[PDB]
Amino acid sequence: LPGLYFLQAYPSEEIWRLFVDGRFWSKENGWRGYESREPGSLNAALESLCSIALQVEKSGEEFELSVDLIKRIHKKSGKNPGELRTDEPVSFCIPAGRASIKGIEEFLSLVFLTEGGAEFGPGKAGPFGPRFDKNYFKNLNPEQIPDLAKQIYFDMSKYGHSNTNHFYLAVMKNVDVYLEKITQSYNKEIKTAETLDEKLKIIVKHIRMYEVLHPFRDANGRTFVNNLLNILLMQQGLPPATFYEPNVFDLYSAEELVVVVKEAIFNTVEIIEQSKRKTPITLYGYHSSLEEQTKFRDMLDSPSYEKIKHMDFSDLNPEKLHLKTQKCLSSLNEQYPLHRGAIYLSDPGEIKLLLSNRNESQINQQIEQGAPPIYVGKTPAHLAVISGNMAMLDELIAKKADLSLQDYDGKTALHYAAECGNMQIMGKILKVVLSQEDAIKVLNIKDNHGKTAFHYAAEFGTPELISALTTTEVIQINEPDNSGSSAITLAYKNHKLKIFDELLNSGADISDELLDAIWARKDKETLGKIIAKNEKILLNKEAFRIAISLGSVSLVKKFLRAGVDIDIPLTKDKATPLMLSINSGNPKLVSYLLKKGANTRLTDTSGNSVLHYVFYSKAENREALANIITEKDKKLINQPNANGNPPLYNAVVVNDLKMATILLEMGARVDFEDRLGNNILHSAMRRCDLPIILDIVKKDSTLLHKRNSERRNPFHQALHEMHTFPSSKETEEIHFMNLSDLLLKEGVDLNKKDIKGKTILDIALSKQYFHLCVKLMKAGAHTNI
Amino acid sequence: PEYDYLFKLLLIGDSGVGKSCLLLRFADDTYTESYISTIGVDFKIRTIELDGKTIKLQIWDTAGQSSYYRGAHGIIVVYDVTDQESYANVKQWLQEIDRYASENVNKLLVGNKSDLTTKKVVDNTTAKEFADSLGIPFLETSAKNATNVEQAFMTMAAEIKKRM
Ligand SMILES: Nc1nc2c(ncn2[C@@H]2O[C@H](COP(=O)(O)OP(=O)(O)O)[C@@H](O)[C@H]2O)c(=O)[nH]1
Ligand SMILES: [Mg+2]
């Protein structure tokens, strides 16, 4: 039924390429990145394509596109999965580089999107779904659509070619209806199909609308593009589709998608053809090192495929297939053969012939929108540099091809030469670039990300490459990108150490942004290398902070050797070094600062003593710190002038009894009271949740009702609002051991609210009555007014 | 594993109110004046024993920039007491759970930075009045003091246990 000889013929060593996108191979070391992402996910996705392959052959019955199969393929993909979407919002971001002016016209033209009310247009992301500045579907005049297509492409582009300003939420009603009227409409037109190519147009036109509907919660792509499309291709005796960028089925015109598929078809054929030659394979600038190749075969698994490898296809003759493929793969040559040349060609004899007598307008042609997404914006130079086709780059350099030109993303030939990190093709470029008069300019060009040629070289490449870039004497090493990340900063974040050391040794001015990245990783040593190699970054306040916060006594020592005040406020809230030393890190640091004579009696913006900052540290190290600091000062009674409650309060509200006890044991006074009139008990009312302390605290002092909420107990019940039923027996039980104490101390039992509410009305509202209500009434507590 | 509930919780609100500071004070039981960003960890976990039943809490923090954020059983909408605008935007945050999440989901309003009493703009009773109009539980918290941080997550844990 389906031919699928190609899949069996497909070299079992390098069959990973069917499910991994070509745009990854170069940078993500082939399949590694896709394995790293979700390990054995390709093994299941290959299984999903090969388990469906066996199920559409054994069935026979001139099998047509069934909705029950379209579900089954999602069950092989893996609230329940493999079920249709119904009133579940699923949206996503699509960039200008995955769009076309004609593709937009087809997207807007689809009435079933406008009727269904699928949010489309510009706006920023949200935590659940998108938030739109405008919606193009509500009140849309189909005579505006053609001028509106360009108008939105200008908006999509002007923001960024590979960035996203525009989100799209799918229709959240009539999913099961719309999917069925397409599945049928496909079986309707595959009949009408007359020409061999006309078949390929309706397949993509249908799998487009399929993709645009976005029924399934997730994995709309792997099901409808990586699987279904291949099945439809394999059935008409065309091979699988090995794509570069298969995510254009949203905003690419039906005819434009035929090109994208034909390219992906030609890509697969190329893998087949090259594997027979036994020539080394290098498509989209990806070399296969024996290590990766050998490590794959023992980790391959995917047996449902293994049985359609050990299967007999001798009955069908392959040369009847070859003559069929060439019919649709003869269209690709004519349009932009230079660009396509840069991707696939190798033989200089063939390359030189192609470029024989090419004019200056033709040699520097940037493919305009609508064409497949890889080409759009790129000079043949760009592609030649990307795919590592030095053979093509030589002959283009021989024609004096303009290398200063930049694509729609804003990257020049030099940018890709750095990003792809080929020092040999980078070499050939530099020689030509330096020859130009505006070479100092050309070198210092920024893309739409702001990142210069050098920024890409730091984030990706070797020190020898960086050396060949710095030898130029551009002296734009210090400049940041749009994000504010310096050359050296990007180098640090991506663990490019030997590069980072070379950029540090070069003495690139340090950036505040980098020190915060050093904090996130908590990298003590790199700061140690920075302070050592720079050796005047000890004036930097934020550098001293990260040295105090996590940093060793040794790191901090270096800053006091440099000699800046031991009581210098160095955060927004005017925290002392000593204060920040307590929060976290080694208590050896606290004791050192105190030894050096660090002022104990200071207060942050909020008025909190050093001993307050003890209770911003994890409860484990709290006991040691509290003892170390009270040995020097012994003024714990000191408290936030702002509120006026000392650390005993802090101890209560963190529920740390061990500290609440030791502090009371240290003879911590219970006289204090916040500005709003609340006592320690008011806090220790419920939070403490243990009567042992409540007894010992009440032994010291008398409680006093304030802010029209008596004592702790009165205010206890006002703060227990939820009164959870499972613990409501425990909630009416704690107040027992609370009140039989209160009754000794004859609580006056006044009004206990600013809306005339009191202890007896609240308990009655609380429905904790069983215990309190009666025990209060017996005790002589007046009923509610 | 065999742990009783394993609840999924979500802290959402205007960037700066202290969603991160709250989470670290609940999870790690600490407070630092700056934001570590926890190297974009994107979530935190803590196991709590409520009603003699051991409950795990998977707690997700909202950043500035595979759709895992719908999965939550409860959403803690946070605002800053010292920022009127951060409370004004609460209404839009409450109608962004009406769109892209189950109406069965349990909500909770948290007014963070209660310790900055000296610089308090948003009124206790005004917020309570608003929170009780929609039948939502309301708590004020200080990640710094640690006041009501446990109570904040404990009430949210109990609020879903009841309904679940
Ligand atoms: N005074 C005070 N400041 C706080 C409190 N909680 C958070 N902050 C401040 O809020 C800033 C950032 O907090 P963060 O948790 O990152 O806010 P997010 O953007 O909501 O995550 C920090 O610099 C803190 O100083 C608090 O309870 N009291
Ligand atoms: Mg945050």
# chains A, B, ... in the order shown; residues from 1 in each chain; ligands from 1

$ residues_around --residues "residue 455 of chain A" --least-positions-apart "6" --cutoff "12 Å" --atoms "only C-alpha atoms" --output "PyMOL selection string"
chain A and resi 411+414-416+418-419+443-447+449+461+466+469-470+476-492+499+503

$ write_last_selection --atoms "N, CA and C atoms" --output "short mmCIF file (atom, residue, chain, number, x, y, z; two decimals), in the first residue's frame"
data_model
loop_
_atom_site.label_atom_id
_atom_site.label_comp_id
_atom_site.auth_asym_id
_atom_site.auth_seq_id
_atom_site.Cartn_x
_atom_site.Cartn_y
_atom_site.Cartn_z
N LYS A 411 22.38 39.45 11.57
CA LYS A 411 23.70 38.74 11.52
C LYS A 411 24.34 38.94 10.15
N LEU A 414 30.15 37.25 9.19
CA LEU A 414 31.12 37.18 10.32
C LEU A 414 30.44 36.62 11.58
N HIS A 415 29.18 37.00 11.82
CA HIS A 415 28.35 36.57 12.98
C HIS A 415 28.22 35.04 12.98
N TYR A 416 27.77 34.47 11.86
CA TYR A 416 27.57 33.00 11.66
C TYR A 416 28.92 32.28 11.73
N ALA A 418 31.39 33.05 13.56
CA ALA A 418 31.70 33.00 15.01
C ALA A 418 30.77 32.00 15.70
N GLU A 419 29.45 32.16 15.51
CA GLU A 419 28.38 31.34 16.15
C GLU A 419 28.62 29.85 15.83
N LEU A 443 33.27 45.09 11.12
CA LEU A 443 33.56 44.26 12.32
C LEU A 443 32.58 44.60 13.45
N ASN A 444 32.36 45.90 13.69
CA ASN A 444 31.50 46.42 14.79
C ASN A 444 30.08 46.68 14.27
N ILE A 445 29.45 45.65 13.69
CA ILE A 445 28.00 45.64 13.30
C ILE A 445 27.24 44.83 14.35
N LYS A 446 26.09 45.35 14.80
CA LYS A 446 25.19 44.70 15.78
C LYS A 446 23.97 44.12 15.04
N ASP A 447 23.54 42.91 15.41
CA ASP A 447 22.31 42.27 14.89
C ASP A 447 21.11 42.78 15.71
N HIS A 449 19.51 41.41 17.93
CA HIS A 449 19.73 40.99 19.34
C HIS A 449 20.76 41.92 20.02
N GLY A 461 32.79 29.28 20.77
CA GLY A 461 34.10 29.25 20.08
C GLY A 461 35.24 28.93 21.02
N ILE A 466 39.01 33.78 19.44
CA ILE A 466 38.90 35.06 20.21
C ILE A 466 40.19 35.87 20.02
N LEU A 469 40.34 37.43 16.70
CA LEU A 469 39.34 38.53 16.70
C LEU A 469 39.89 39.77 17.42
N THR A 470 40.65 39.57 18.50
CA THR A 470 41.23 40.66 19.34
C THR A 470 42.49 41.23 18.69
N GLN A 476 36.22 46.92 20.79
CA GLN A 476 34.79 46.99 21.19
C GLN A 476 34.50 45.76 22.08
N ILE A 477 35.51 45.35 22.85
CA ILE A 477 35.48 44.23 23.84
C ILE A 477 34.55 44.59 25.00
N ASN A 478 34.50 45.87 25.37
CA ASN A 478 33.84 46.38 26.60
C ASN A 478 32.33 46.56 26.40
N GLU A 479 31.86 46.61 25.15
CA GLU A 479 30.45 46.95 24.80
C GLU A 479 29.52 45.82 25.22
N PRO A 480 28.31 46.14 25.76
CA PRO A 480 27.28 45.14 26.02
C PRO A 480 26.33 44.96 24.82
N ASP A 481 25.47 43.94 24.87
CA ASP A 481 24.41 43.68 23.86
C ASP A 481 23.14 44.42 24.29
N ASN A 482 21.97 44.05 23.74
CA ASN A 482 20.66 44.65 24.09
C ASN A 482 20.24 44.20 25.49
N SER A 483 20.59 42.97 25.89
CA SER A 483 20.26 42.37 27.21
C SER A 483 21.14 42.98 28.31
N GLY A 484 22.26 43.61 27.94
CA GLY A 484 23.22 44.24 28.87
C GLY A 484 24.31 43.27 29.29
N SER A 485 24.42 42.13 28.60
CA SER A 485 25.45 41.09 28.82
C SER A 485 26.69 41.42 27.98
N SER A 486 27.82 41.71 28.65
CA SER A 486 29.14 41.96 28.03
C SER A 486 29.64 40.68 27.34
N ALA A 487 30.70 40.80 26.53
CA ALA A 487 31.37 39.67 25.84
C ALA A 487 31.76 38.60 26.86
N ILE A 488 32.44 39.01 27.94
CA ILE A 488 32.98 38.13 29.01
C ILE A 488 31.83 37.52 29.83
N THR A 489 30.72 38.25 29.99
CA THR A 489 29.55 37.85 30.81
C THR A 489 28.88 36.62 30.18
N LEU A 490 28.58 36.68 28.87
CA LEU A 490 28.00 35.55 28.09
C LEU A 490 28.94 34.35 28.18
N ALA A 491 30.25 34.59 28.05
CA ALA A 491 31.33 33.57 28.11
C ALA A 491 31.27 32.83 29.45
N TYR A 492 31.05 33.56 30.55
CA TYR A 492 30.95 33.00 31.93
C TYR A 492 29.72 32.09 32.02
N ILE A 499 38.29 30.41 27.44
CA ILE A 499 37.89 31.68 26.76
C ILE A 499 37.77 32.78 27.82
N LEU A 503 39.72 36.36 28.27
CA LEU A 503 38.97 37.65 28.32
C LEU A 503 39.24 38.37 29.64
#

$ residues_near_ligand --ligand "ligand 2" --cutoff "7 Å" --atoms "only C-alpha atoms and all ligand atoms" --output "number ranges by chain"
B: 15, 19-20, 37, 61-63

$ closest_atom_pairs --of "chain B" --to "ligand 1" --cutoff "9 Å" --atoms "only C-alpha atoms and all ligand atoms" --output "tab-separated table"
residue	atom	partner	partner_atom_place_in_ligand_line	distance
B:11	CA	ligand 1	20 (O)	8.6
B:12	CA	ligand 1	20 (O)	8.0
B:13	CA	ligand 1	20 (O)	6.8
B:14	CA	ligand 1	20 (O)	6.6
B:15	CA	ligand 1	19 (O)	3.8
B:16	CA	ligand 1	19 (O)	3.4
B:17	CA	ligand 1	20 (O)	4.2
B:18	CA	ligand 1	15 (O)	3.2
B:19	CA	ligand 1	20 (O)	3.7
B:20	CA	ligand 1	15 (O)	3.4
B:21	CA	ligand 1	15 (O)	3.7
B:22	CA	ligand 1	15 (O)	6.3
B:23	CA	ligand 1	15 (O)	7.8
B:24	CA	ligand 1	15 (O)	8.4
B:31	CA	ligand 1	6 (N)	8.4
B:32	CA	ligand 1	24 (C)	7.4
B:33	CA	ligand 1	25 (O)	4.4
B:34	CA	ligand 1	23 (O)	4.3
B:35	CA	ligand 1	16 (O)	4.8
B:36	CA	ligand 1	16 (O)	7.9
B:37	CA	ligand 1	16 (O)	7.2
B:61	CA	ligand 1	21 (O)	7.4
B:62	CA	ligand 1	21 (O)	7.4
B:63	CA	ligand 1	21 (O)	7.6
B:64	CA	ligand 1	19 (O)	8.3
B:78	CA	ligand 1	20 (O)	7.8
B:79	CA	ligand 1	20 (O)	8.3
B:80	CA	ligand 1	6 (N)	8.3
B:112	CA	ligand 1	27 (O)	5.7
B:113	CA	ligand 1	27 (O)	3.7
B:114	CA	ligand 1	27 (O)	6.3
B:115	CA	ligand 1	28 (N)	5.7
B:116	CA	ligand 1	1 (N)	5.5
B:141	CA	ligand 1	27 (O)	6.8
B:142	CA	ligand 1	27 (O)	3.5
B:143	CA	ligand 1	27 (O)	4.0
B:144	CA	ligand 1	27 (O)	4.2
B:145	CA	ligand 1	27 (O)	6.5
B:146	CA	ligand 1	27 (O)	7.4
B:147	CA	ligand 1	27 (O)	8.6

$ interface_residues --of "chain A" --to "chain B" --cutoff "9 Å" --atoms "only C-alpha atoms" --output "PyMOL selection string"
chain A and resi 88-90+125-129+218+516-517+519-521+571-573+575+580+583-584+606+612-613+615-619+642-643+649-650+652-654+687+721-722+724-727

$ write_last_selection --atoms "C-alpha atoms" --output "tab-separated table (two decimals), in the first residue's frame"
chain	number	residue	atom	x	y	z
A	88	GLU	CA	-9.17	24.00	26.72
A	89	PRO	CA	-7.11	27.07	25.63
A	90	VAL	CA	-3.84	26.07	23.80
A	125	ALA	CA	3.20	36.30	27.14
A	126	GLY	CA	1.36	35.50	30.43
A	127	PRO	CA	1.88	32.72	33.05
A	128	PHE	CA	-1.18	30.68	31.78
A	129	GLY	CA	-2.07	32.17	28.34
A	218	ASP	CA	0.02	18.90	23.17
A	516	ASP	CA	24.86	38.48	39.98
A	517	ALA	CA	25.41	35.39	37.71
A	519	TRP	CA	25.83	34.70	42.96
A	520	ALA	CA	23.23	32.35	41.30
A	521	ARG	CA	25.88	29.55	40.85
A	571	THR	CA	22.12	47.11	50.18
A	572	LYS	CA	18.86	49.08	49.44
A	573	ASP	CA	17.68	48.59	53.10
A	575	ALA	CA	22.26	46.40	55.77
A	580	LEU	CA	24.61	40.05	55.70
A	583	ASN	CA	21.81	35.73	56.91
A	584	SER	CA	23.86	32.78	55.44
A	606	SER	CA	13.30	49.00	58.98
A	612	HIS	CA	16.95	40.25	64.23
A	613	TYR	CA	18.94	39.12	61.10
A	615	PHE	CA	15.94	34.93	62.31
A	616	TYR	CA	16.44	35.51	58.51
A	617	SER	CA	18.85	32.47	58.65
A	618	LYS	CA	17.71	28.77	58.51
A	619	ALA	CA	16.67	27.54	62.03
A	642	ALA	CA	9.54	51.13	63.21
A	643	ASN	CA	7.30	48.49	64.95
A	649	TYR	CA	8.69	38.47	68.44
A	650	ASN	CA	10.72	37.24	65.37
A	652	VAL	CA	7.41	33.53	67.92
A	653	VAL	CA	6.28	34.22	64.28
A	654	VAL	CA	8.86	31.69	62.81
A	687	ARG	CA	1.57	30.87	66.18
A	721	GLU	CA	-11.21	32.44	60.10
A	722	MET	CA	-11.23	29.12	58.11
A	724	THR	CA	-10.90	23.56	59.23
A	725	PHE	CA	-13.41	20.79	60.29
A	726	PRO	CA	-10.84	17.93	60.54
A	727	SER	CA	-8.77	20.09	63.02

$ atom_distance --atom1 "atom CA of residue 274 of chain A" --atom2 "atom CA of residue 345 of chain A"
12.2 Å

$ atom_distance --atom1 "atom CA of residue 68 of chain A" --atom2 "atom CA of residue 265 of chain A"
27.3 Å

$ closest_residue --among "B:27, B:42, B:54, B:124" --to "residue 7 of chain B" --atoms "only C-alpha atoms"
B:54

$ select_by_dssp --residues "segment 86-156 of chain B" --states "helix (DSSP H, G or I)" --output "PyMOL selection string"
chain B and resi 86-88+90-94+96-100+117-119+124-133+149-156

$ write_last_selection --atoms "N, CA, C and O atoms" --output "compact mmCIF listing (two decimals), in the first residue's frame"
# COMPACT_ATOMS: atom_id res chain seq x y z
N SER B 86 0.07 47.28 42.69
CA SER B 86 0.23 45.81 42.81
C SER B 86 -1.06 45.17 43.32
O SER B 86 -1.28 43.98 43.01
N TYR B 87 -1.88 45.91 44.08
CA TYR B 87 -3.21 45.47 44.57
C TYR B 87 -4.28 45.76 43.50
O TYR B 87 -5.24 44.97 43.40
N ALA B 88 -4.13 46.86 42.76
CA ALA B 88 -5.05 47.27 41.67
C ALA B 88 -5.07 46.21 40.56
O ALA B 88 -6.16 45.95 40.01
N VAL B 90 -4.52 43.04 40.95
CA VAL B 90 -5.05 41.76 41.53
C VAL B 90 -6.32 41.35 40.77
O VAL B 90 -6.48 40.14 40.52
N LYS B 91 -7.18 42.32 40.43
CA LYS B 91 -8.47 42.08 39.74
C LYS B 91 -8.21 41.39 38.39
O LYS B 91 -8.93 40.43 38.08
N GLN B 92 -7.22 41.88 37.63
CA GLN B 92 -6.83 41.33 36.30
C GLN B 92 -6.22 39.94 36.47
O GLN B 92 -6.45 39.08 35.59
N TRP B 93 -5.44 39.72 37.54
CA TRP B 93 -4.84 38.41 37.88
C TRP B 93 -5.94 37.39 38.20
O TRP B 93 -5.79 36.22 37.82
N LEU B 94 -7.01 37.84 38.87
CA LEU B 94 -8.17 37.00 39.30
C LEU B 94 -9.03 36.61 38.09
O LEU B 94 -9.70 35.57 38.17
N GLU B 96 -7.66 36.29 35.02
CA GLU B 96 -6.72 35.50 34.18
C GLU B 96 -6.67 34.05 34.67
O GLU B 96 -6.06 33.22 33.97
N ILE B 97 -7.28 33.75 35.83
CA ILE B 97 -7.53 32.36 36.31
C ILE B 97 -8.94 31.93 35.88
O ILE B 97 -9.17 30.71 35.75
N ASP B 98 -9.85 32.89 35.67
CA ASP B 98 -11.23 32.66 35.15
C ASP B 98 -11.14 32.18 33.69
O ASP B 98 -11.99 31.36 33.29
N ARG B 99 -10.15 32.67 32.94
CA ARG B 99 -9.91 32.31 31.51
C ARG B 99 -9.23 30.94 31.42
O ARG B 99 -9.87 29.99 30.93
N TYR B 100 -7.98 30.85 31.89
CA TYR B 100 -7.00 29.79 31.52
C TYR B 100 -6.77 28.79 32.66
O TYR B 100 -5.65 28.25 32.75
N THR B 117 5.12 48.37 57.91
CA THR B 117 3.95 49.06 58.51
C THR B 117 4.08 50.57 58.30
O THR B 117 3.08 51.21 57.95
N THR B 118 5.30 51.08 58.51
CA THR B 118 5.70 52.51 58.36
C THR B 118 5.37 53.02 56.95
O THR B 118 5.17 54.24 56.82
N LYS B 119 5.32 52.14 55.94
CA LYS B 119 5.13 52.52 54.51
C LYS B 119 3.96 51.73 53.90
O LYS B 119 4.05 51.38 52.70
N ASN B 124 -6.04 46.97 55.44
CA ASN B 124 -6.36 45.58 55.87
C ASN B 124 -7.79 45.24 55.46
O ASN B 124 -7.98 44.27 54.70
N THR B 125 -8.75 46.02 55.96
CA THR B 125 -10.21 45.76 55.89
C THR B 125 -10.72 45.93 54.45
O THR B 125 -11.61 45.15 54.06
N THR B 126 -10.17 46.89 53.70
CA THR B 126 -10.51 47.15 52.27
C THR B 126 -10.25 45.88 51.45
O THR B 126 -11.14 45.50 50.66
N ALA B 127 -9.07 45.27 51.62
CA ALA B 127 -8.64 44.02 50.96
C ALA B 127 -9.54 42.86 51.41
O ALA B 127 -10.00 42.09 50.54
N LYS B 128 -9.75 42.73 52.72
CA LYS B 128 -10.64 41.71 53.34
C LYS B 128 -12.05 41.84 52.75
O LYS B 128 -12.62 40.81 52.34
N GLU B 129 -12.58 43.07 52.72
CA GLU B 129 -13.91 43.41 52.13
C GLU B 129 -13.97 42.89 50.69
O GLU B 129 -14.98 42.26 50.33
N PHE B 130 -12.92 43.15 49.90
CA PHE B 130 -12.78 42.71 48.48
C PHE B 130 -12.68 41.18 48.43
O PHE B 130 -13.39 40.56 47.61
N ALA B 131 -11.82 40.59 49.26
CA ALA B 131 -11.52 39.14 49.30
C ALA B 131 -12.76 38.36 49.77
O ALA B 131 -12.94 37.22 49.29
N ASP B 132 -13.57 38.95 50.65
CA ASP B 132 -14.79 38.31 51.23
C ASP B 132 -16.00 38.52 50.30
O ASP B 132 -16.97 37.76 50.43
N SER B 133 -15.94 39.51 49.39
CA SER B 133 -16.96 39.74 48.34
C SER B 133 -16.94 38.58 47.34
O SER B 133 -18.03 38.18 46.88
N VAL B 149 3.52 33.21 57.02
CA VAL B 149 4.03 32.52 55.79
C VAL B 149 3.59 31.06 55.84
O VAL B 149 3.01 30.59 54.85
N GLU B 150 3.84 30.37 56.96
CA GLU B 150 3.36 28.97 57.18
C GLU B 150 1.83 28.96 57.11
O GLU B 150 1.29 28.16 56.32
N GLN B 151 1.17 29.85 57.87
CA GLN B 151 -0.32 29.95 57.90
C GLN B 151 -0.86 30.16 56.48
O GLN B 151 -1.90 29.56 56.16
N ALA B 152 -0.17 30.97 55.66
CA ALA B 152 -0.58 31.31 54.28
C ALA B 152 -0.71 30.03 53.44
O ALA B 152 -1.76 29.85 52.80
N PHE B 153 0.31 29.16 53.47
CA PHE B 153 0.38 27.91 52.68
C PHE B 153 -0.44 26.81 53.36
O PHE B 153 -1.02 25.97 52.64
N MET B 154 -0.49 26.80 54.70
CA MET B 154 -1.27 25.82 55.51
C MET B 154 -2.76 25.96 55.19
O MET B 154 -3.41 24.91 54.99
N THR B 155 -3.28 27.19 55.17
CA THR B 155 -4.70 27.49 54.84
C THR B 155 -5.00 27.05 53.40
O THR B 155 -6.09 26.48 53.19
N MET B 156 -4.08 27.30 52.47
CA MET B 156 -4.23 26.94 51.03
C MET B 156 -4.20 25.41 50.88
O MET B 156 -4.97 24.89 50.06

$ closest_residue --among "A:184, A:230, A:494, A:435" --to "residue 460 of chain A" --atoms "only C-alpha atoms"
A:494

$ select_by_dssp --residues "segment 111-310 of chain A" --states "strand (DSSP E or B)" --output "PyMOL selection string"
chain A and resi 120-124+131-132+166-169+251

$ write_last_selection --atoms "N, CA and C atoms" --output "short mmCIF file (atom, residue, chain, number, x, y, z; two decimals), in the first residue's frame"
data_model
loop_
_atom_site.label_atom_id
_atom_site.label_comp_id
_atom_site.auth_asym_id
_atom_site.auth_seq_id
_atom_site.Cartn_x
_atom_site.Cartn_y
_atom_site.Cartn_z
N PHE A 120 -5.89 35.86 17.90
CA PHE A 120 -4.66 36.05 17.09
C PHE A 120 -4.28 37.53 17.06
N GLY A 121 -2.98 37.83 17.10
CA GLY A 121 -2.43 39.20 16.99
C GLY A 121 -1.29 39.44 17.96
N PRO A 122 -0.74 40.68 18.01
CA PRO A 122 0.40 41.00 18.86
C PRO A 122 0.03 41.13 20.35
N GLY A 123 1.05 41.17 21.21
CA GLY A 123 0.92 41.17 22.68
C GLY A 123 2.03 40.36 23.32
N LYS A 124 2.19 40.47 24.65
CA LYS A 124 3.24 39.78 25.43
C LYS A 124 2.67 38.50 26.05
N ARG A 131 -1.62 37.58 26.47
CA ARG A 131 -2.36 38.86 26.69
C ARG A 131 -2.13 39.75 25.46
N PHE A 132 -3.21 40.06 24.73
CA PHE A 132 -3.18 40.66 23.37
C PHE A 132 -3.41 42.17 23.45
N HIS A 166 3.96 38.34 18.25
CA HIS A 166 2.60 37.86 17.86
C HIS A 166 2.36 36.43 18.37
N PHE A 167 1.36 36.26 19.24
CA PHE A 167 0.88 34.95 19.75
C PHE A 167 -0.41 34.57 19.02
N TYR A 168 -0.82 33.30 19.13
CA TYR A 168 -2.04 32.72 18.51
C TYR A 168 -2.64 31.65 19.43
N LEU A 169 -3.86 31.90 19.93
CA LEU A 169 -4.68 30.94 20.71
C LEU A 169 -5.69 30.29 19.76
N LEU A 251 1.69 29.70 9.30
CA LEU A 251 1.61 30.97 8.53
C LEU A 251 2.41 30.90 7.22
#

$ residues_around --residues "residue 106 of chain B" --least-positions-apart "5" --cutoff "10 Å" --atoms "only C-alpha atoms" --output "JSON, numbers by chain"
{"B": [9, 72, 73, 74, 75, 76, 136, 137, 156, 157, 159, 160, 161, 163, 164]}

$ residues_around --residues "segment 145-158 of chain A" --least-positions-apart "5" --cutoff "12 Å" --atoms "only C-alpha atoms" --output "PyMOL selection string"
chain A and resi 93-110+120-123+134-137+139-140+163-167+251+253+369-370+376-377+407-410+448

$ write_last_selection --atoms "C-alpha atoms" --output "mmCIF file, in the first residue's frame"
data_model
loop_
_atom_site.group_PDB
_atom_site.id
_atom_site.type_symbol
_atom_site.label_atom_id
_atom_site.label_comp_id
_atom_site.auth_asym_id
_atom_site.auth_seq_id
_atom_site.Cartn_x
_atom_site.Cartn_y
_atom_site.Cartn_z
ATOM 1 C CA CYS A 93 4.348 32.138 19.741
ATOM 2 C CA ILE A 94 5.219 32.286 15.956
ATOM 3 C CA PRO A 95 8.026 34.566 14.635
ATOM 4 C CA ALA A 96 8.136 36.639 11.363
ATOM 5 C CA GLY A 97 10.717 34.073 10.053
ATOM 6 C CA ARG A 98 8.053 31.260 10.158
ATOM 7 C CA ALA A 99 5.529 33.534 8.302
ATOM 8 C CA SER A 100 4.839 34.827 4.725
ATOM 9 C CA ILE A 101 2.592 37.667 3.334
ATOM 10 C CA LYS A 102 0.657 35.038 1.235
ATOM 11 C CA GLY A 103 0.622 32.590 4.230
ATOM 12 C CA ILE A 104 -1.077 35.308 6.396
ATOM 13 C CA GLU A 105 -3.681 35.878 3.579
ATOM 14 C CA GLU A 106 -4.524 32.097 3.720
ATOM 15 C CA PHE A 107 -4.499 32.150 7.609
ATOM 16 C CA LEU A 108 -6.935 35.161 7.862
ATOM 17 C CA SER A 109 -9.027 33.807 4.879
ATOM 18 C CA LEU A 110 -9.915 30.638 6.936
ATOM 19 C CA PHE A 120 -4.657 36.049 17.088
ATOM 20 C CA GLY A 121 -2.433 39.198 16.985
ATOM 21 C CA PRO A 122 0.401 40.998 18.862
ATOM 22 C CA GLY A 123 0.925 41.174 22.678
ATOM 23 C CA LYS A 134 -5.122 43.876 19.451
ATOM 24 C CA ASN A 135 -7.164 40.924 17.988
ATOM 25 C CA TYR A 136 -7.396 40.678 14.124
ATOM 26 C CA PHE A 137 -10.335 38.133 14.150
ATOM 27 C CA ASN A 139 -14.801 42.411 13.397
ATOM 28 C CA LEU A 140 -12.557 41.530 10.358
ATOM 29 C CA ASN A 163 11.812 36.977 17.827
ATOM 30 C CA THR A 164 8.011 36.896 18.575
ATOM 31 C CA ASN A 165 5.647 39.899 19.120
ATOM 32 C CA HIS A 166 2.603 37.856 17.857
ATOM 33 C CA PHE A 167 0.876 34.950 19.755
ATOM 34 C CA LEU A 251 1.607 30.972 8.531
ATOM 35 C CA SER A 253 0.861 29.585 2.034
ATOM 36 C CA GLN A 369 9.727 36.178 2.276
ATOM 37 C CA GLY A 370 7.518 33.203 1.192
ATOM 38 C CA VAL A 376 14.735 34.117 3.726
ATOM 39 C CA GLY A 377 17.130 37.115 4.190
ATOM 40 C CA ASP A 407 20.203 39.020 6.967
ATOM 41 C CA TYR A 408 16.717 39.925 8.411
ATOM 42 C CA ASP A 409 17.969 38.715 11.881
ATOM 43 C CA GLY A 410 20.810 41.316 11.506
ATOM 44 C CA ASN A 448 18.636 42.761 16.058
#
